[PDB]
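Have a look at the structure below before the remarks.
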Amino acid sequence: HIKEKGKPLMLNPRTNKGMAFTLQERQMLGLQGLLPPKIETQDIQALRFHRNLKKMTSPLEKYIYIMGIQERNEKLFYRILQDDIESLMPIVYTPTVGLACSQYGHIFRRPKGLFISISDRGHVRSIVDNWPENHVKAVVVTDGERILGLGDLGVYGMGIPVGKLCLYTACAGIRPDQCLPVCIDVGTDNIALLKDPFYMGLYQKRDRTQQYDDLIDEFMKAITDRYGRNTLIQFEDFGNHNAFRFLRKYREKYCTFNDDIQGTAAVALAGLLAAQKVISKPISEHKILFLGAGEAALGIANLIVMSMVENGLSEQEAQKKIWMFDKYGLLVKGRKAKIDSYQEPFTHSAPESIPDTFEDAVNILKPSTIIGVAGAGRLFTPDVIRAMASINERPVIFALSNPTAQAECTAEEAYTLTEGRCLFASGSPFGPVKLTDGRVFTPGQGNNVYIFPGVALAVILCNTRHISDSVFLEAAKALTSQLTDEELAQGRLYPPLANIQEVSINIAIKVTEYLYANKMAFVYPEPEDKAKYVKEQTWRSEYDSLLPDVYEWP
Amino acid sequence: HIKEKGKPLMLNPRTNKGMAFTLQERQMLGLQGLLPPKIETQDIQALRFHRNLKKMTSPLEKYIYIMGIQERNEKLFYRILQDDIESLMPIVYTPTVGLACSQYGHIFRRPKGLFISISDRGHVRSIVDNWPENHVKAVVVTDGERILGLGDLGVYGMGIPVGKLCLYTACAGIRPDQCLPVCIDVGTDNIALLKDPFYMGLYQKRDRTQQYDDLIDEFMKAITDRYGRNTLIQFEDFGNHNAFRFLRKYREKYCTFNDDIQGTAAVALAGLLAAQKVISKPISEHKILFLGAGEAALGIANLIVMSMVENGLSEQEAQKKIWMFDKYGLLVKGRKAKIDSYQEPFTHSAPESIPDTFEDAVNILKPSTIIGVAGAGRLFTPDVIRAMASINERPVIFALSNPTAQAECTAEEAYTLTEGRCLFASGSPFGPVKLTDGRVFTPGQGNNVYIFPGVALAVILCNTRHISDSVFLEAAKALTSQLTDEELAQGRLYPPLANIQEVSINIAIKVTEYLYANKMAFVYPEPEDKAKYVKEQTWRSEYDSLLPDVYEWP
Amino acid sequence: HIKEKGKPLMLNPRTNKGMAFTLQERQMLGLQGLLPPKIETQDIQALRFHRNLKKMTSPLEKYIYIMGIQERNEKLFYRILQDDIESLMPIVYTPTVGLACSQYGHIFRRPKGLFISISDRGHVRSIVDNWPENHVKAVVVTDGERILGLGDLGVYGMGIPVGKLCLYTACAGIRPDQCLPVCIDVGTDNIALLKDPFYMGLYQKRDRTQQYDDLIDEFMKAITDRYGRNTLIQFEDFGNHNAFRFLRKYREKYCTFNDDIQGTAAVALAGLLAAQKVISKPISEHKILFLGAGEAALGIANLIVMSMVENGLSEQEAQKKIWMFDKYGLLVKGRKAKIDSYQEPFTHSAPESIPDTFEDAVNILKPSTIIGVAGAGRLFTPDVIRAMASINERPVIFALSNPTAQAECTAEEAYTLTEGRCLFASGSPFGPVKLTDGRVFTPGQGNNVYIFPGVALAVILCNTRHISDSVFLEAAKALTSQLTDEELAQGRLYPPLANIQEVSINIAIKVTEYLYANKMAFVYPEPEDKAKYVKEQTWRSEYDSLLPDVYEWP
Ligand SMILES: Nc1ncnc2c1ncn2[C@@H]1O[C@H](COP(=O)(O)OP(=O)(O)OP(=O)(O)O)[C@@H](O)[C@H]1O
Ligand SMILES: Nc1ncnc2c1ncn2[C@@H]1O[C@H](COP(=O)(O)OP(=O)(O)OP(=O)(O)O)[C@@H](O)[C@H]1O
Ligand SMILES: Nc1ncnc2c1ncn2[C@@H]1O[C@H](COP(=O)(O)OP(=O)(O)OP(=O)(O)O)[C@@H](O)[C@H]1O
Ligand SMILES: O=C(O)/C=C/C(=O)O
Ligand SMILES: O=C(O)/C=C/C(=O)O
Ligand SMILES: O=C([O-])C(=O)[O-]
Ligand SMILES: O=C([O-])C(=O)[O-]
Ligand SMILES: O=C([O-])C(=O)[O-]
Ligand SMILES: [Mn+2]
Ligand SMILES: [Mn+2]
Ligand SMILES: [Mn+2]
């Protein structure tokens with residue numbers, strides 16, 4: 001392997017080992033003299049990194065440093081991430097990745113990923129053909145319209161697919177060279193970016209004409225034409241309107257899913273499932289109120305229904321336990337604000353009185369669970385939280401909007417205002433909370449990073465062609481089944497983040513077993529031990545020998 | 001022409017333009033899609049850099065950032081340096097480069113330059129053959145034994161040749177692809193480094209056996225075998241003993257000089273020549289006392305003698321005006337401490353009383369000029385400075401040792417203690433000094449950076465075979481002739497550092513004319529207008545077109 | 001889209017177009033000046049070739065010239081073959097390819113294919129990894145022990161897999177870059193080659209120990225490990241013993257078949273099927289006698305049985321109609337010479353009298369069909385042919401051994417000696433025969449070239465995993481079904497060789513339809529129109545544009 005020799009082996013982060021290149025590799029591959037005499041181990045290199053990181057102060061500075069390593073020594077980059085994924089997650093992922101995107105054009109050094117603009121319409125294939133890797137298996141694509149809860153960040157949104165894919169590898173051991181981050185640039189409506197001299201995209205408002213849909217269509221076709229019709233394509237951070245219609249339009253034709261609708265749905269469900277274990281509350285007494293009625297809300301709601309239905313409840317009965325409150329208020333039949341086909345099943349006859357605020361909604365409906373997915377800030381006010389604590393003995397409060405500043409409420413607020421009776425989870429990380437009575441609560445992170453890595457690995461290994469909703473239901477069950485009784489008592493609704501790697505692999509195994517049982521896997525020969533197969537297929541951050549095969553002839 | 005296309009053009013800092021690649025270049029060279037849709041100008045890129053630099057706090061942090069750009073986008077790296085060489089010089093050069101060196105193994109990211117170790121003895125040519133560039137014209141090599149005034153830093157000393165060559169380009173417009181930084185590693189005697197797990201060299205004490213001389217010989221031969229007998233080889237930061245030995249051994253065989261002996265000699269002389277003009281002092285009344293008697297002292301003294309001789313004094317008369325005081329004391333006939341052949345000419349009959357300290361030496365000898373070049377710290381104590389001010393109306397005080405902490409004294413000390421009557425210069429940069437009467441004094445920097453760039457350019461363009469001392473005498477005159485009377489009154493002993501680029505080119509022009517007039521140039525045909533020739537040959541930081549020549553046939 | 005520019009595009013035969021590179025391609029790809037100013041069309045190039053070929057005299061000289069083009073301009077090479085496949089077939093294939101193999105080491109210029117020797121045991125994967133093409137779909141491998149009817153030619157046998165693969169492309173439009181010729185070198189028993197200074201293989205007798213089987217196993221594993229478990233592997237020219245055991249050993253584990261046993265079996269049957277339509281003979285009256293009882297005889301006999309079975313006869317009944325006569329005589333129960341399990345079904349109770357010669361066998365058994373497949377020369381003597389003509393009104397005589405000198409008899413001999421009453425076919429080409437009465441007979445060529453190209457294409461496009469005998473039965477029917485009534489009357493037992501391209505495609509079409517109907521195809525999505533799918537997938541000899549995609553941005 002490795003056709004290149006000389007300087008090019010050092011210039012390419014995929015092969016570059018720095019001083020880890022052995023003496024023999026250096027002499028045989030023409031590197032002797034190009035590196036200091038010192039021969040180092042990956043351990044020493046990782047030590048050098050941690051030593052430097054410790055001296056840094058701002059999260060963004062740390063983000064620039066670690067992400068920079070991905071462009072110098074890929075193996076080391078993942079070794080570093082794997083050394084302590086929990087402490088680096090907030091840096092490479094939410095919330096810092098949100099900060100990085102808002103200033104993407106200012107911290108730019110080297111480009112990452114594939115960029116496809118509306119000005120390239122009709123020539124996307126040639127762009128796809130310029131990507132250096134021939135064996136792409138997974139794609140995470142965004143158009144930058146709904147970056148987390150930050151809004152339209154245009155091409156600055158590329159930091160998201162890059163980050164997601166980094167996690168594909170770090171969490172599920174998916175091969176880096178088989179991952180392709182993609183940014184579709186059709187312009188941006190963010191006035192600030194349009195006047196930013198460092199903006200990385202086209203200086204035009206978003207093209208919302210038929211050319212937009214045609215470009216996306218060309219994208220889907222170009223990607224599958226070169227890499228295969230089963231190439232995994234994960235849509236990420238697309239605006240509400242486009243997110244749904246593209247999922248419906250392509251889910252039966254391509255191997256695709258939307259992380260914000262389906263991935264977030266699975267993590268949220270998983271958390272709810274864990275809470276049900278600690279509370280043992282009757283599915284009939286469940287009253288769920290959503291703050292928001294978009295990608296996440298509808299995604300989570302539908303998965304919840306699927307769960308209730310396979311648990312002895314009719315689809316209609318299940319849907320009736322779910323209410324939604326968007327920017328215009330409670331979704332009730334006959335309201336002024338629009339209601340599409342997706343929201344209809346959750347739009348019920350108006351209650352006795354109509355609420356004006358989410359607080360009114362909580363007091364009127366008396367929900368047992370409250371889920372925040374509006375990406376609009378601290379909407380779960382202290383009064384909202386108190387109401388939930390007065391109405392329920394153990395209220396379930398989920399503040400899922402990212403990044404942190406967009407979260408509906410903090411762990412501190414939830415645990416304190418509910419006297420430690422709530423079951424809380426958030427999308428962005430919060431440290432443990434200690435109440436005056438000495439009890440310490442460790443908030444879980446209901447973020448899709450717990451789901452897309454394992455699901456991606458299973459789909460890829462099984463050569464799955466299409467992803468049904470039932471696949472996410474299974475992932476949700478696979479995630480929650482990994483929680484130990486001790487962890488439940490700790491108030492943890494999700495396995496510890498420090499164990500994300502093994503958790504993701506286990507989810508992968510559980511999903512592959514599900515795919516095979518339901519004829520959705522197409523690999524030959526079919527491995528007898530699915531668990532062993534998945535584990536044997538994972539990419540390792542350990543250095544590989546680049547030495548040519550030299551041997552004696554008799 | 002460019003033989004590479006695709007990703008490789010972006011991975012090679014020599015060609016990479018970042019978003020400055022034009023639409024045509026991207027499409028024709030297979031980069032479309034690998035870069036953000038945005039097309040930027042070098043101006044915007046430079047702005048991004050300055051914007052980020054401004055937000056940084058420590059010099060070392062800045063060093064890491066700017067030097068990192070040399071490995072990402074070479075054109076931008078030099079553009080950045082050219083925008084404000086005066087404010088960046090302290091970061092990429094002394095004193096920060098000294099700090100960078102001391103922690104080279106800790107800040108390591110990518111290797112820079114060629115490394116040749118004693119363990120590679122007998123295989124140096126193969127290492128030289130690994131260097132990617134085929135047209136090397138200049139080499140700056142060190143063995144790291146005498147890095148500035150910091151001592152033995154071993155392989156960590158590579159930062160020096162790297163910095164020096166960055167200046168070849170930034171100051172004289174010498175092509176970067178024609179420069180080769182070299183570090184000779186024969187071990188190190190620095191105990192701390194030998195126990196440092198991040199050390200970049202062989203873990204052994206310096207090899208001072210015949211094998212050392214043999215290795216250097218192999219180095220000289222290998223470099224010239226591949227690149228040519230006239231390849232410029234600048235020895236830098238070698239220990240005292242080796243420095244002279246190798247200069248004497250190779251100067252008539254190769255195109256080589258020692259920056260620390262000759263380069264420093266020329267800049268120091270230039271300072272003295274400038275002082276000459278501000279105070280109109282008679283060479284007969286010139287009494288010079290050196291603090292130190294090594295590489296710099298001997299180099300400077302020899303050049304000063306050549307200057308006085310050329311001005312009507314006999315070699316003997318001139319040498320009689322020069323005294324040296326090393327770590328053992330005053331160099332006087334019959335002293336216990338050793339006196340070699342180089343020092344003999346400046347070793348006079350012991351005076352009335354023998355001084356214990358440099359202060360005593362000043363009071364006993366009553367020198368009019370004091371030159372600090374002992375690389376040992378603040379040896380020009382407040383009392384030494386006062387003595388010079390009491391003995392002389394306008395004392396000349398030079399504290400040339402680098403980095404800053406090793407300087408004999410600060411500019412503030414010099415100007416205040418002499419009540420603004422001294423003519424001061426230092427190797428390391430000091431800001432302007434304001435006395436209590438409100439007078440402002442701007443200290444000049446007598447650092448060889450004002451000399452080696454211009455001399456290198458001339459020697460390279462003229463294909464000069466060997467460098468005589470007279471070439472440095474000329475460079476010294478060329479440097480000082482650049483000062484305007486206006487500047488002289490401002491305390492200026494050297495042209496503004498902000499004008500280092502034009503100063504170097506002009507020095508390059510004067511030296512080339514000197515080389516031709518003395519049959520030391522071998523270029524043909526001989527250009528009629530030397531100034532025009534030199535200016536046309538300089539490398540520019542502006543991006544070049546990478547477009548293939550496409551055109552219609554008739 | 002190509003990743004190479006400059007001279008390399010010309011040095012690589014896959015991309016080199018010679019003077020066919022357009023002006024724009026030359027200017028944009030950096031070829032301007034490297035080619036004569038002239039811009040040519042493939043037509044002109046093909047004209048130049050035919051002009052030169054016409055002036056050549058010996059077939060071997062022509063072989064060297066045409067095969068040389070495969071290493072200079074691949075597109076042109078196939079254009080040339082496609083221009084007149086019928087007149088060149090005798091040159092690149094049998095009989096000339098046999099002559100080329102006999103002196104392969106003497107005409108050597110450039111290597112073709114992958115070579116794996118017993119001395120590489122344990123390192124086969126590294127060899128396989130050295131092959132430049134990443135998407136191999138088909139492999140033709142030989143160990144050179146049974147090269148045609150020429151015997152053990154060792155590494156000189158490489159000429160066979162190379163020729164077979166040229167035909168994969170020329171006849172079925174299979175992509176050249178997806179084909180891999182392989183020679184397994186375990187030594188050779190050919191004493192003449194062991195003393196030949198130009199031999200291209202290991203100088204040792206064949207290794208017949210366990211190491212041989214292990215090397216073949218490593219080969220199979222290595223190829224599939226790198227290219228996929230469904231990679232088509234066509235065994236070619238292996239010795240009798242090895243041919244069968246490897247087919248039995250791997251046919252259910254890998255996608256593999258043996259051309260000599262199965263390919264030849266299908267062509268033969270095809271001819272017999274055609275003959276049955278010209279003479280309308282009831283197979284209860286067909287008595288078949290084989291001259292030989294090896295790879296071809298057993299392969300043909302087995303397919304014949306399968307054909308009679310699906311046509312209303314029991315396996316027992318069908319086998320009884322088949323007799324075989326090898327180098328020891330008639331295969332009869334209780335004979336001295338060995339009879340293995342494959343021959344047992346065709347070994348019957350000795351007849352009234354036991355024949356000494358094949359002639360005696362003909363007179364005693366009175367067969368209606370005689371199939372020569374002993375690779376031992378003119379065993380179908382004039383007396384043998386006369387006997388078949390006196391015993392049968394329309395005797396079927398097949399002389400299938402290659403090359404020409406090994407054929408059991410010529411077309412001239414068969415037609416003349418049977419007074420034009422025989423239905424004849426041969427493995428090697430013979431010109432038309434005109435009898436004294438003016439009748440002209442055109443002998444058909446029952447060579448596997450009519451089968452492997454079409455079968456290979458179907459198996460590749462259908463991602464078939466294993467090849468059953470039924471596939472060859474279908475291929476045989478597909479071949480004969482293409483004969484037109486007018487061609488039957490001509491004495492044609494096979495479609496004209498000049499139409500082998502379309503004949504191969506139609507066979508491929510029929511075989512894929514058969515694969516789908518029998519759940520042996522694994523392609524997604526499944527094309528609705530198989531015929532259209534196959535034809536659209538074929539590689540074309542027309543030059544492709546190598547121009548980068550250049551366009552204007554709005
Ligand atoms: N101030 C608000 N109060 C209540 N609901 C709001 C408010 N602001 C926005 N929303 C609702 O939040 C929903 C956001 O939907 P959208 O599809 O844009 O994102 P999402 O994926 O659901 O959110 P996130 O990814 O941040 O969890 C919308 O239904 C919107 O009406
Ligand atoms: N403490 C001291 N007091 C006086 N002289 C000193 C003292 N320490 C060192 N020296 C002298 O300084 C000289 C250093 O010479 P060396 O060749 O090592 O370096 P250099 O190139 O002259 O110095 P630099 O590059 O720092 O200007 C020696 O002659 C040494 O004796
Ligand atoms: N002189 C001969 N007379 C009759 N039979 C012979 C004679 N010489 C060889 N044979 C037989 O021909 C058969 C050759 O079988 P083998 O497997 O070696 O090759 P094949 O593939 O059948 O033939 P071909 O090389 O023609 O395709 C053997 O059964 C052998 O006994
Ligand atoms: O430790 C190393 O070798 C590399 C560090 C980096 O690329 O930052
Ligand atoms: O401004 C740029 O495009 C590059 C910046 C860097 O390499 O730091
Ligand atoms: O969009 C988000 O907030 C996410 O994916 O976590
Ligand atoms: O050694 C030094 O201080 C220098 O070269 O400037
Ligand atoms: O072996 C043969 O004779 C053949 O393949 O045609
Ligand atoms: Mn998202
Ligand atoms: Mn120096
Ligand atoms: Mn064959």
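Chain identifiers are assigned as A, B, and so on, following the order in which chains appear in the structure tokens; residues are numbered from 1 within each chain, and ligands are numbered from 1 in order of appearance.
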Q: Restrict the distance test to only C-alpha atoms, flag each residue of chain A within 12 Å of chain C, and return the flagged residues as a ChimeraX atom specification.
A: /A:1-3,117-135,202-204,224,226,228-230,252-254,463-466,522-526,546-554
Could you save the residues just selected, with N, CA and C atoms, as a short mmCIF file (atom, residue, chain, number, x, y, z; two decimals), in the first residue's frame?
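Wrote it out as part-v6.cif, contents follow:
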```
data_model
loop_
_atom_site.label_atom_id
_atom_site.label_comp_id
_atom_site.auth_asym_id
_atom_site.auth_seq_id
_atom_site.Cartn_x
_atom_site.Cartn_y
_atom_site.Cartn_z
N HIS A 1 0.82 -1.21 0.00
CA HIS A 1 0.00 0.00 0.00
C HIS A 1 0.86 1.26 0.00
N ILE A 2 0.22 2.40 -0.25
CA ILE A 2 0.89 3.70 -0.29
C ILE A 2 1.82 3.77 -1.50
N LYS A 3 1.36 4.42 -2.56
CA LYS A 3 2.16 4.54 -3.77
C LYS A 3 3.16 5.68 -3.70
N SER A 117 -21.46 24.82 -5.15
CA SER A 117 -22.30 26.01 -5.19
C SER A 117 -23.32 26.01 -6.32
N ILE A 118 -24.33 26.87 -6.19
CA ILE A 118 -25.36 26.96 -7.22
C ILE A 118 -24.73 27.41 -8.55
N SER A 119 -23.60 28.11 -8.48
CA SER A 119 -22.92 28.56 -9.69
C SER A 119 -22.25 27.38 -10.41
N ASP A 120 -22.22 26.22 -9.76
CA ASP A 120 -21.63 25.03 -10.34
C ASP A 120 -22.71 24.11 -10.89
N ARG A 121 -23.94 24.59 -10.92
CA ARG A 121 -25.04 23.78 -11.42
C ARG A 121 -24.70 23.25 -12.81
N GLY A 122 -24.98 21.97 -13.01
CA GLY A 122 -24.69 21.33 -14.27
C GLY A 122 -23.28 20.78 -14.34
N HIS A 123 -22.47 21.08 -13.33
CA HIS A 123 -21.08 20.62 -13.30
C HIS A 123 -20.69 19.99 -11.96
N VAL A 124 -21.68 19.52 -11.22
CA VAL A 124 -21.41 18.92 -9.92
C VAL A 124 -20.57 17.65 -10.00
N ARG A 125 -20.82 16.81 -11.00
CA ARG A 125 -20.06 15.58 -11.15
C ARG A 125 -18.56 15.86 -11.24
N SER A 126 -18.18 16.88 -12.00
CA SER A 126 -16.76 17.20 -12.13
C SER A 126 -16.18 17.60 -10.76
N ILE A 127 -17.00 18.25 -9.94
CA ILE A 127 -16.55 18.63 -8.60
C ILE A 127 -16.41 17.35 -7.77
N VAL A 128 -17.42 16.49 -7.84
CA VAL A 128 -17.37 15.23 -7.10
C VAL A 128 -16.16 14.40 -7.54
N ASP A 129 -15.80 14.48 -8.81
CA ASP A 129 -14.64 13.73 -9.32
C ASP A 129 -13.30 14.30 -8.88
N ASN A 130 -13.29 15.51 -8.34
CA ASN A 130 -12.04 16.10 -7.86
C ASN A 130 -11.71 15.62 -6.43
N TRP A 131 -12.67 15.02 -5.73
CA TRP A 131 -12.40 14.52 -4.39
C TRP A 131 -11.36 13.41 -4.55
N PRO A 132 -10.24 13.51 -3.81
CA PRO A 132 -9.11 12.56 -3.81
C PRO A 132 -9.39 11.09 -3.48
N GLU A 133 -10.36 10.82 -2.62
CA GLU A 133 -10.67 9.45 -2.21
C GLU A 133 -11.64 8.73 -3.15
N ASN A 134 -11.33 7.48 -3.47
CA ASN A 134 -12.17 6.70 -4.38
C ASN A 134 -13.20 5.81 -3.70
N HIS A 135 -13.05 5.59 -2.40
CA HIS A 135 -13.95 4.69 -1.70
C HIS A 135 -14.88 5.32 -0.65
N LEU A 202 -20.71 32.39 -1.67
CA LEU A 202 -21.17 33.30 -2.71
C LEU A 202 -21.88 34.48 -2.05
N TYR A 203 -21.64 35.69 -2.56
CA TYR A 203 -22.30 36.86 -2.01
C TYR A 203 -23.66 37.11 -2.66
N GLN A 204 -24.65 36.30 -2.28
CA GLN A 204 -26.00 36.42 -2.80
C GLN A 204 -26.96 35.83 -1.77
N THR A 224 -23.79 9.38 -5.82
CA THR A 224 -24.06 7.96 -6.01
C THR A 224 -23.50 7.41 -7.33
N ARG A 226 -20.66 8.20 -8.77
CA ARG A 226 -19.26 7.85 -8.57
C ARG A 226 -19.01 6.81 -7.49
N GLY A 228 -21.53 4.86 -5.66
CA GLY A 228 -22.48 3.76 -5.50
C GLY A 228 -23.82 4.25 -4.97
N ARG A 229 -24.90 3.62 -5.43
CA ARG A 229 -26.23 4.02 -5.00
C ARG A 229 -26.52 3.79 -3.52
N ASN A 230 -25.68 3.00 -2.85
CA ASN A 230 -25.88 2.72 -1.44
C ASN A 230 -25.06 3.64 -0.52
N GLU A 252 -36.60 6.64 0.00
CA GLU A 252 -36.93 5.37 -0.67
C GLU A 252 -36.06 5.17 -1.91
N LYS A 253 -35.38 6.23 -2.34
CA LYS A 253 -34.54 6.15 -3.53
C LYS A 253 -33.06 6.01 -3.19
N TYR A 254 -32.64 6.65 -2.11
CA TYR A 254 -31.25 6.59 -1.70
C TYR A 254 -31.08 6.13 -0.25
N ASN A 463 -24.20 -2.56 4.09
CA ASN A 463 -24.49 -2.14 2.72
C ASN A 463 -25.99 -1.90 2.58
N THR A 464 -26.61 -1.41 3.65
CA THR A 464 -28.04 -1.15 3.66
C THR A 464 -28.37 -0.12 2.59
N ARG A 465 -29.52 -0.28 1.96
CA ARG A 465 -29.94 0.60 0.87
C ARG A 465 -30.82 1.75 1.28
N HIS A 466 -31.69 1.52 2.25
CA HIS A 466 -32.59 2.56 2.73
C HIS A 466 -32.78 2.43 4.24
N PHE A 522 -27.04 -6.40 2.91
CA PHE A 522 -26.64 -7.05 1.67
C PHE A 522 -25.13 -7.26 1.56
N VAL A 523 -24.58 -8.04 2.50
CA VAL A 523 -23.15 -8.31 2.51
C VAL A 523 -22.89 -9.79 2.28
N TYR A 524 -21.90 -10.08 1.45
CA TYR A 524 -21.56 -11.46 1.14
C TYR A 524 -20.05 -11.70 1.26
N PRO A 525 -19.67 -12.76 1.99
CA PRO A 525 -20.59 -13.68 2.68
C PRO A 525 -21.12 -13.05 3.97
N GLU A 526 -22.26 -13.54 4.44
CA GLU A 526 -22.86 -13.03 5.66
C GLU A 526 -22.08 -13.54 6.87
N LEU A 546 4.47 1.34 6.96
CA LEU A 546 4.45 1.77 5.57
C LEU A 546 5.61 1.12 4.82
N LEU A 547 6.24 0.14 5.46
CA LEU A 547 7.37 -0.56 4.87
C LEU A 547 6.99 -1.49 3.73
N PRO A 548 7.76 -1.45 2.64
CA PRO A 548 7.47 -2.33 1.51
C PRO A 548 7.79 -3.75 1.97
N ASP A 549 7.13 -4.74 1.37
CA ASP A 549 7.37 -6.12 1.76
C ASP A 549 8.70 -6.63 1.18
N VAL A 550 9.72 -6.73 2.01
CA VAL A 550 11.02 -7.21 1.56
C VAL A 550 11.29 -8.58 2.16
N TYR A 551 11.70 -9.52 1.32
CA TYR A 551 11.96 -10.88 1.79
C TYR A 551 12.92 -11.67 0.91
N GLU A 552 13.50 -12.71 1.51
CA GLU A 552 14.46 -13.59 0.87
C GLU A 552 13.82 -14.59 -0.10
N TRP A 553 14.52 -14.88 -1.19
CA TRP A 553 14.06 -15.85 -2.18
C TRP A 553 14.97 -17.08 -2.06
N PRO A 554 14.39 -18.28 -1.95
CA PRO A 554 15.20 -19.50 -1.84
C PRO A 554 16.10 -19.72 -3.06
#
```
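Those protein and nucleic acid residues that have any atom within 6 Å of ligand 11 are, using only C-alpha atoms and all ligand atoms, residues 148, 236, 237 and 260 of chain C.
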Same residues, C-alpha atoms, output as an mmCIF file, in the first residue's frame:
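So result-v2.cif came out as:
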```cif
data_model
loop_
_atom_site.group_PDB
_atom_site.id
_atom_site.type_symbol
_atom_site.label_atom_id
_atom_site.label_comp_id
_atom_site.auth_asym_id
_atom_site.auth_seq_id
_atom_site.Cartn_x
_atom_site.Cartn_y
_atom_site.Cartn_z
ATOM 1 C CA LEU C 148 -3.166 -25.421 -25.431
ATOM 2 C CA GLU C 236 -6.861 -21.407 -17.846
ATOM 3 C CA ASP C 237 -4.434 -24.059 -19.083
ATOM 4 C CA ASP C 260 -10.856 -25.737 -20.658
#
```
Q: List every residue of range 266-436 of chain B that DSSP, applied to the backbone of this structure, assigns to alpha helix (DSSP H), and report them as number ranges by chain.
A: B: 266-279, 295-309, 315-320, 358-365, 382-391, 411-417
Q) So what do you get for CA of residue 300 in chain C versus CA of residue 102 in chain C, distance-wise? A)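 Interatomic distance, CA of residue 300 in chain C to CA of residue 102 in chain C: 27.5 Å.
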Q. Residues at most 9 Å from residue 15 in chain A, counting only C-alpha atoms, excluding those fewer than 4 positions away in the same chain, as a ChimeraX atom specification?
A. /A:2,8-11,73-75,546
Could the residues in this selection be saved with C-alpha atoms as a CSV table (one decimal), in the first residue's frame?
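out15.csv, written as the output of this step:
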```csv
chain,number,residue,atom,x,y,z
A,2,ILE,CA,0.9,3.7,-0.3
A,8,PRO,CA,4.5,13.9,-0.3
A,9,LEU,CA,4.2,11.2,2.5
A,10,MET,CA,4.8,14.0,5.1
A,11,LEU,CA,2.6,16.6,3.3
A,73,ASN,CA,-1.3,13.9,11.2
A,74,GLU,CA,-4.7,12.2,11.0
A,75,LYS,CA,-3.7,9.2,13.0
A,546,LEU,CA,4.5,1.8,5.6
```
(Q) Between B:36, B:197, B:427, B:157, which residue has the minimum interatomic distance to ligand 4, considering only C-alpha atoms and all ligand atoms? (A)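 The closest residue to ligand 4 is B:197.
Pairwise distance (CA of residue 455 in chain B, CA of residue 501 in chain B) equals 12.8 Å.
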**Q.** Residue nearest residue 304 in chain C among C:218, C:469, C:185, C:196 (counting only C-alpha atoms)
**A.** C:469
(Q) Neighbouring residues of ligand 4 are defined here as those with any atom at most 7 Å from a ligand atom, counting only C-alpha atoms and all ligand atoms; list them as a ChimeraX atom specification. (A) /A:18-19,45-46,48-49,69,72-73 /B:108-110
Q. Quick one, how far is CA of residue 490 in chain C from CA of residue 434 in chain C?
A. 12.3 Å
**Q.** All residues 12 Å or closer to residue 312 in chain B, only C-alpha atoms, same chain fewer than 6 positions away omitted, as a PyMOL selection string
**A.** chain B and resi 282-284+305-306+318
Would you mind exporting C-alpha atoms of the selected residues as a compact mmCIF listing (two decimals), in the first residue's frame?
```txt
# COMPACT_ATOMS: atom_id res chain seq x y z
CA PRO B 282 40.10 61.22 14.88
CA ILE B 283 41.07 57.57 14.40
CA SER B 284 44.25 58.30 16.39
CA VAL B 305 41.84 47.34 11.40
CA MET B 306 41.24 46.96 7.66
CA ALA B 318 45.56 50.26 14.15
```
